[PDB]
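Residue numbers (PDB author numbering), protein chains in the order written: chain B, 1 to 143; chain A, 1 to 142; chain A', 1 to 142; chain B', 1 to 143; chain C, 1 to 142; chain D, 1 to 143. A prime marks a further copy of an entry chain. Where is the CB? At the ideal position from N, CA and C, for every residue including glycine.
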Amino acid sequence: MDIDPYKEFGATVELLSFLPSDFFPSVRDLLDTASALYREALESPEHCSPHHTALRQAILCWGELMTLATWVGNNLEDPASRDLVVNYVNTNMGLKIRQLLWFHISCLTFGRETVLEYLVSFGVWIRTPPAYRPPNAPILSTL
Amino acid sequence: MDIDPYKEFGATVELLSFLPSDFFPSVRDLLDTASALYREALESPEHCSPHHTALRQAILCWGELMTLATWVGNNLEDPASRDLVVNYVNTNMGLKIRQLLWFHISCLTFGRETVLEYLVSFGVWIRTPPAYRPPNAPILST
Amino acid sequence: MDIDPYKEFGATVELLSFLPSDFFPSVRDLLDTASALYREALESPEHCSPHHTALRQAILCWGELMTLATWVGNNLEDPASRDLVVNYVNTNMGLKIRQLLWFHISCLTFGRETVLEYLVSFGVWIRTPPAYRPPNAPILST
Amino acid sequence: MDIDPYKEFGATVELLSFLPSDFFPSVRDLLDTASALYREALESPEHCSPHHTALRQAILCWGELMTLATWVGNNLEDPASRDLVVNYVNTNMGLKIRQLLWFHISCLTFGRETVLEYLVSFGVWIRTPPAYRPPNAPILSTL
Amino acid sequence: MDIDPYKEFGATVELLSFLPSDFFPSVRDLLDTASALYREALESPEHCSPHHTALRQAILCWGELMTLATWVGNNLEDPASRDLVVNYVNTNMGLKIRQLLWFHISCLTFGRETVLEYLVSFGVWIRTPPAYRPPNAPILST
Amino acid sequence: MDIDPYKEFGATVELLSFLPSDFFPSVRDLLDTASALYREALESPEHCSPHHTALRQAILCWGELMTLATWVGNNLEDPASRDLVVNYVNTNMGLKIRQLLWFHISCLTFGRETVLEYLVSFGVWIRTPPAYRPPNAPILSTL
């Protein structure tokens with residue numbers, strides 16, 4: 001089927017799109033911030049929000065990838081190739097895990113509302129030829 | 001953090017262990033059955049349930065794997081290892097995705113409780129000395 | 001337009017897929033069982049139910065096929081191909097008519113819900129790794 | 001058993017009989033008009049009327065025939081014969097699908113009542129030796 | 001994003017289809033008629049209706065084509081190819097611009113309901129073995 | 001008849017002119033965004049607003065071009081000429097689509113008024129000799 005991981009949460013991949021690669025922080029730091037401030041919840045037996053759920057679920061798919069790597073490590077041979085893989089994992093696939101981890105964690109910290117609004121305004125901005133883009137981009141805050 | 005896929009849904013990685021690895025059916029079949037009776041919802045724009053959410057995501061996770069699985073086969077020159085990876089993805093990672101798709105699709109179909117009851121009800125059979133283990137094992141149903 | 005035989009009756013061509021082709025019994029038997037417990041109604045002059053209506057029509061569709069099946073055998077001179085057709089009719093087209101007669105006669109007999117539940121309840125079994133698939137498969141009944 | 005596809009709908013094959021071959025329009029156009037103005041319904045999960053039901057069911061038997069043809073096409077050999085079949089399909093069998101598609105669609109558009117009445121009066125007419133038949137036949141309308 | 005220019009006006013492209021393509025009048029004609037009885041409005045500063053709005057925009061899209069059209073014959077040498085373009089424009093596209101301008105100008109003239117009613121009406125009549133149909137096809141009136 | 005696509009939206013082509021043409025984002029982008037936040041509506045059987053309507057219809061004129069385009073690159077023999085047309089479309093006609101797509105998507109996202117004001121405002125900035133045209137420029141968003 002065609003599942004947009006974002007509909008549920010009133011967002012759509014096309015929207016969450018305009019956020020440029022450089023925008024999301026490190027998978028680590030993402031993970032890091034999640035455990036830093038949602039661990040307890042995340043660990044707990046309480047689904048805490050469709051948001052929380054997804055987050056766990058993602059924090060997890062990521063791990064599996066980490067292992068796919070660590071095994072491609074002590075298993076794939078021709079370094080050159082065993083490396084081709086490890087980077088695909090570590091990068092492309094990573095970048096994706098980043099959005100997810102971002103979109104969620106952030107909602108968890110400013111609210112689907114605040115987050116979505118941000119996304120909309122960020123777009124507007126980023127969609128602007130520099131010639132007219134205000135100097136600095138729109139940072140996400142709590143208001 | 002140590003997040004258990006199954007904690008919030010009343011089960012636990014430990015519990016699911018009751019079920020023998022070679023028992024969850026084919027990812028395909030799982031996907032197949034999901035789209036067969038949840039396409040709609042899954043596709044809906046309203047979490048229909050934590051189960052729904054989970055399932056959606058797991059489906060999608062598997063998906064990413066499949067793409068990695070492809071680009072690997074389309075970017076690893078040396079077959080030997082390309083194939084080495086193209087399987088691990090397609091097989092081991094598969095197991096996990098398999099458990100997930102089952103535990104959730106299964107609940108969506110029969111009910112967390114029923115499902116959990118099943119898991120327990122299954123252990124038994126499976127852990128029962130061959131001497132006395134019924135011909136038919138327990139099976140989920142309505 | 002893409003009309004699904006089974007949409008209005010709460011199922012769907014996809015769902016019925018759960019059942020293996022070589023599982024619907026013989027057109028005969030179907031017809032036989034229909035006339036055995038619905039001749040009356042089927043023959044009545046009041047739709048007794050959308051199911052009834054459908055069934056009536058499907059019975060009749062099969063019928064037309066059978067006639068085509070005959071006139072072919074009585075009008076195609078070259079056996080080879082005459083026989084070529086006389087089978088396709090009698091066999092492939094048959095499958096479909098078979099599913100139909102079953103899904104409807106079955107509901108008429110046990111109940112859309114029960115029937116639908118059955119289909120789902122069946123998938124399971126069928127999709128269950130041989131290692132653990134019960135001896136007896138699920139079966140409809142009262 | 002002896003099922004008259006028309007009893008259900010207070011009609012009988014003998015009645016629906018007098019309608020002459022030339023009377024029904026093309027299977028296509030029938031189909032065409034159905035999709036043109038009942039598609040939605042027809043597609044929908046709602047049985048919409050014993051009428052609708054039958055219609056779907058027929059729109060469908062027709063298709064199967066189309067395929068019986070298309071396969072007799074890329075499968076039957078001796079053209080001469082592979083053609084004998086394709087025409088039986090396309091004609092005799094077709095003419096029948098036509099009535100059905102007609103009788104239903106029409107009720108769906110003027111009502112079992114109006115339709116049946118028409119049929120009765122049409123008969124009367126058509127059953128008349130030309131010597132006495134009014135010039136033009138009775139067309140079906142909404143009143 | 002599947003968008004049917006006709007949905008919001010209670011009609012559909014498949015419906016507008018029902019009428020034979022050759023039955024819609026000339027872009028010119030249509031155009032001239034819109035100007036004939038709507039210039040004012042179309043030109044007006046207040047959308048006078050979804051119809052007006054659509055119609056307006058439609059007149060304008062057509063325009064851009066007539067332009068693309070020109071610049072082509074005015075920048076293209078290979079006339080066969082230059083003409084291929086210049087025609088496809090005036091044909092396969094016009095036909096659409098044709099029905100679109102008709103569905104709207106006609107609605108603004110007789111009324112959505114009617115227009116719609118007309119469509120089925122004719123469509124059907126036109127497909128009726130003449131032996132049995134009103135003598136002369138129907139037409140739009142207030 | 002001289003029809004201004006913008007008149008009935010209390011603005012005019014001559015006004016939008018304030019915005020330097022090179023400033024509208026990509027048709028894609030624009031489309032992408034429209035879908036990110038209006039698909040649902042756009043798609044619906046309810047005219048939702050002059051904006052929605054105009055917009056639906058423009059989202060289409062585009063496609064008609066993208067199609068004339070495709071067909072062109074598939075029926076014109078002489079390539080150089082093919083590629084001539086294929087650009088004048090994909091590029092020139094495009095800008096105009098770009099304008100609409102923006103102007104409408106933009107009002108639907110921030111409001112005819114706002115949108116209108118933006119223009120006048122942006123105008124000012126831009127009209128301003130470099131010597132004095134400030135750092136950031138006007139821009140719609142959520143502060």
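message: Using only CA atoms, which one of A':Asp-78, A':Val-86 and A':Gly-63 lies nearest to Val-72 (chain A')?
response: Looking at A':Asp-78, A':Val-86 and A':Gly-63, the one whose alpha-carbon comes closest to that of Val-72 (chain A') is A':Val-86.
query: Would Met-93 (chain A) be called buried (16 or more neighbouring beta carbons within 10 Å of its own) or exposed?
result: Within a 10 Å sphere around the beta-carbon of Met-93 (chain A) sit 16 or more other beta-carbons, which makes this residue buried.
- request: Following the continuous alpha helix (DSSP H) through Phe-18 (chain B), name the residue where it begins and the one where it ends.
  value: Where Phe-18 (chain B) is concerned, there is no enclosing alpha helix (DSSP H), given that its DSSP letter is neither H nor E.
Range of the contiguous alpha helix (DSSP H) that encloses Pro-50 (chain B'): First-last of the alpha helix (DSSP H) with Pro-50 (chain B'): 50-73.
- prompt: How about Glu-14 (chain B) and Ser-35 (chain D): are their beta carbons less than 8 Å apart?
  reply: Contact check for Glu-14 (chain B) against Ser-35 (chain D) passes: the beta carbons are separated by less than 8 Å.
- request: Using a Cβ cut-off of 8 Å (strictly closer), state whether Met-66 (chain A') contacts chain B'.
  value: Under the Cβ criterion of 8 Å, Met-66 (chain A') is not counted among the residues facing chain B'.
message: For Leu-108 (chain B') and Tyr-6 (chain B'), which I take to be in contact (beta-carbon distance under 8 Å), what is that distance rounded to the nearest angstrom?
response: Between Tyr-6 (chain B') and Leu-108 (chain B') the Cβ distance is about 15 Å, and since that is not below 8 Å, they are no contact.
query: Whose C-alpha, out of A:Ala-58, A:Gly-123 and A:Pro-130, is nearest the C-alpha of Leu-101 (chain A)?
result: Cα-wise, what sits closest to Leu-101 (chain A) is A:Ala-58.
query: Going straight from the alpha carbon of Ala-41 (chain C) to that of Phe-18 (chain A'), what length do you get?
result: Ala-41 (chain C) and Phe-18 (chain A') have their C-alpha atoms some 59 Å from each other.
field: Top-ranked residue by Cα proximity to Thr-142 (chain A), from A:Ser-106, A:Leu-55, A:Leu-65 and A:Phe-110
entry: Of A:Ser-106, A:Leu-55, A:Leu-65 and A:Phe-110, the residue nearest in Cα terms is A:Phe-110.
task: Would you decide whether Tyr-132 (chain A) is buried or exposed? Buried here means 16 or more other CB atoms lie within 10 Å of its CB.
output: Classification of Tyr-132 (chain A): exposed, given that the 10 Å Cβ count is below 16.
message: With a threshold of 8 Å between beta carbons, is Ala-54 (chain C) in contact with chain D?
response: By the rule that beta-carbons nearer than 8 Å mark a contact, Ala-54 (chain C) touches chain D.
message: Below 9 Å on C-beta distance, what does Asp-78 (chain A') contact in chain B'?
response: Ordered by position in chain B', the residues that pass the 9 Å Cβ test against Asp-78 (chain A') are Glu-77, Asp-78, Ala-80 and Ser-81.
- request: Identify the continuous alpha helix (DSSP H) that holds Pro-79 (chain D) and give its terminal residues.
  value: In the DSSP annotation of this structure, the continuous segment of the alpha helix (DSSP H) that includes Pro-79 (chain D) starts and ends at 79-87.
- request: In the DSSP assignment, find the unbroken alpha helix (DSSP H) run with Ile-139 (chain C) in it and report its ends.
  value: Element bounds for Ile-139 (chain C): n/a, residue is neither H nor E.
task: Alpha carbon to alpha carbon, how far is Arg-112 (chain B') from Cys-61 (chain B)? Give it in angstroms, no decimals.
output: Near 60 Å, if we compare the C-alpha coordinates of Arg-112 (chain B') and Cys-61 (chain B).
message: Would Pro-50 (chain B) and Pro-50 (chain A) qualify as a contact pair, given that the criterion is a beta-carbon distance under 8 Å?
response: Closer than 8 Å, so yes.
message: Let me confirm a value: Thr-91 (chain B) is counted as buried when at least 16 other C-beta atoms fall within 10 Å, else exposed. Which label applies?
response: By the neighbour-count rule (16 or more Cβ atoms within 10 Å), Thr-91 (chain B) is not buried but exposed.
Chain D residues whose Cβ lies nearer than 8 Å to that of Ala-131 (chain B): Per Cβ cutoff of 8 Å: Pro-20, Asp-22 and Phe-23.
message: If we define contact as Cβ-Cβ less than 8 Å, is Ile-139 (chain D) a contact residue for chain C?
response: So no, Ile-139 (chain D) is outside the interface.
query: Would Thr-33 (chain B') count as contacting chain C if we go by Cβ distances under 8 Å?
result: At least one CB of chain C lies nearer than 8 Å to the CB of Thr-33 (chain B').
task: List the residues of chain B' whose Cβ lies closer than 8 Å to the Cβ of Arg-127 (chain C), in chain order.
output: Within 8 Å Cβ-Cβ: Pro-25, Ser-26, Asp-29, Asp-32 and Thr-33.
Candidates A':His-47, A':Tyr-118, A':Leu-76 and A':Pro-129: closest to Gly-10 (chain A') by CA position: If we check each option's Cα against that of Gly-10 (chain A'), A':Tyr-118 comes out closest.
query: Straight-line CA distance for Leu-68 (chain D) to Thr-53 (chain B)?
result: CA-to-CA, the gap between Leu-68 (chain D) and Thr-53 (chain B) works out to about 47 Å.
message: So if I threshold CB-CB distances at 8 Å, which residues from the region 4-20 of chain C count as touching chain B'?
response: For the region 4-20 of chain C, which is checked against every Cβ of chain B', the residues closer than 8 Å are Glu-14, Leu-15, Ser-17 and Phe-18.
message: Can you check which of these residues, A':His-47, A':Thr-128 and A':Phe-122, is closest to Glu-8 (chain B') by C-alpha distance?
response: Ranking the options by Cα distance to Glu-8 (chain B'), first place goes to A':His-47.
message: What does the Cβ neighbour count give for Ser-21 (chain C), buried or exposed, with the cut at 16 atoms within 10 Å?
response: With fewer than 16 Cβ atoms within 10 Å of its Cβ, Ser-21 (chain C) is classed as exposed.
Alpha-carbon spacing of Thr-12 (chain D) relative to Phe-103 (chain B'), whole angstroms: If you draw a straight line from the Cα of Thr-12 (chain D) to the Cα of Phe-103 (chain B'), it is about 56 Å long.
query: Any C-beta of chain B' sitting closer than 8 Å to the C-beta of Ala-58 (chain A')?
result: Yes, its Cβ sits closer than 8 Å to a Cβ of chain B'.
field: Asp-2 (chain A) versus B:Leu-31, B:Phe-23 and B:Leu-16, residue with shortest Cα-Cα distance
entry: It is B:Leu-31 whose Cα lies nearest to the Cα of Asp-2 (chain A).
message: Quick check: the Cα distance between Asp-4 (chain B') and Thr-70 (chain A), rounded to an integer number of angstroms?
response: Distance between the alpha carbons of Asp-4 (chain B') and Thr-70 (chain A): 57 Å.
- prompt: Secondary structure at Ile-3 (chain B'), three-state DSSP: helix, strand or coil?
  reply: Judged by DSSP in its simplified three-state form, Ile-3 (chain B') adopts coil rather than helix or strand.
- prompt: Roughly how far, in whole angstroms, is the beta-carbon of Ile-97 (chain A') from the beta-carbon of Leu-65 (chain A'), given that I think they are within contact range, below 8 Å?
  reply: Right, their Cβ atoms sit about 7 Å apart.
message: I'd like the list of long-range same chain contacts for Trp-125 (chain D), defined as Cβ closer than 8 Å, with 5 residues on each side in sequence excluded.
response: Excluding residues within five positions, the ones whose Cβ falls inside 8 Å are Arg-133, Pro-134, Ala-137 and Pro-138.
query: What first and last residue would you give for the alpha helix (DSSP H) that runs through residue 153 (chain A')?
result: In the structure as shown, chain A' starts at 1 and stops at 142, and residue 153 (chain A') therefore has no counterpart that could be examined.
field: Same chain, Cβ closer than 8 Å to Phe-122 (chain A), five either side skipped, listed in chain order
entry: Cβ-Cβ distances below 8 Å link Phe-122 (chain A) to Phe-18, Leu-19, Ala-137 and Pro-138 in the same chain, with the five nearest sequence neighbours on each side left out; the list follows chain order.
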